[PDB]
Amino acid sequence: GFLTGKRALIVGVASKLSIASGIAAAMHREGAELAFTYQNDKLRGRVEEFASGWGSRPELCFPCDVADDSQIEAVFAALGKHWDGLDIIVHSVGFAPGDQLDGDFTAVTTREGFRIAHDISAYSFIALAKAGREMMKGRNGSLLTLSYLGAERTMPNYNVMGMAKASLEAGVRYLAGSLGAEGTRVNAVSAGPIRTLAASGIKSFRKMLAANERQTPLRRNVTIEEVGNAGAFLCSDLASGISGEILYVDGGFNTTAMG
């Protein structure tokens, strides 16, 4: 397939619904060799089982809480014992404390909630780019992250995650501008709403889903298969002319203003 010979590290698998799972499946289908991180020991077993079904194995699964620089560096040190280089990093991770995402933005947003949202959802992408730079050197590889329309325009409850996604998208451009000379491309998919574990935590998520379904040009919601294909493409040599890009996979909802 169009990723044959590529090696990809995938950060963010939590369940069969995860966007990272859609990306993993597509990349494997297209021939990529895969490795994984898991956030903690409660998710470890499930990620290990998933890896075994995507051509991978438990010894290519590594612990990584992206709050922790030491753990992030330890991923690449461990991976480097198995692989003499790396082509792709997929960053499919986000978090803000629940109290940040339930209520009036001004009332509920706090300094610490803000700190955490930006640290986990935006800085962690830079952290992976940094720690993986040496393994990716000379491979003309790519980095991919995931964003959401909330970075550009507002909706109830998404709140400070919108600020963190805006930070993240700027990061995509600054990373592209920095890593491009040595051959690395850096892009994101901005997905439409998809029912995932994380999506469940936004109390009004179903309203986002509904608005997208009724107003998006395709008049249906997107799938992790569609996000995965877009991500697979962006991390392939087919996309070698594309860097710094935020690619929407939302049926075109972002191009509408039918409020």
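Throughout, we count residues from 1 along the sequence that is shown.
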On mean Cα temperature factor in this entry, is 222 to 230 or 203 to 211 the higher one? 203 to 211
Of 133 to 141 and 172 to 180, the one with larger mean CA B-factor: 133 to 141
Please work out which residue in 152, 119, 112, 99 has the highest C-alpha B-factor recorded for this crystal structure. 99
Binned into thirds over the chain's modelled residues, the C-alpha B-factor of residue 216 lands in the middle
Using the B-factors in the PDB entry, rank residue 250's C-alpha atom against the chain and give the third, lowest, middle or highest. lowest
Using the B-factors in the PDB entry, rank residue 236's C-alpha atom against the chain and give the third, lowest, middle or highest. middle
Residue 158 - which third its CA temperature factor falls in, relative to the rest of the chain: middle
Where does the C-alpha B-factor of residue 35 rank in its chain, lowest, middle or highest third? middle
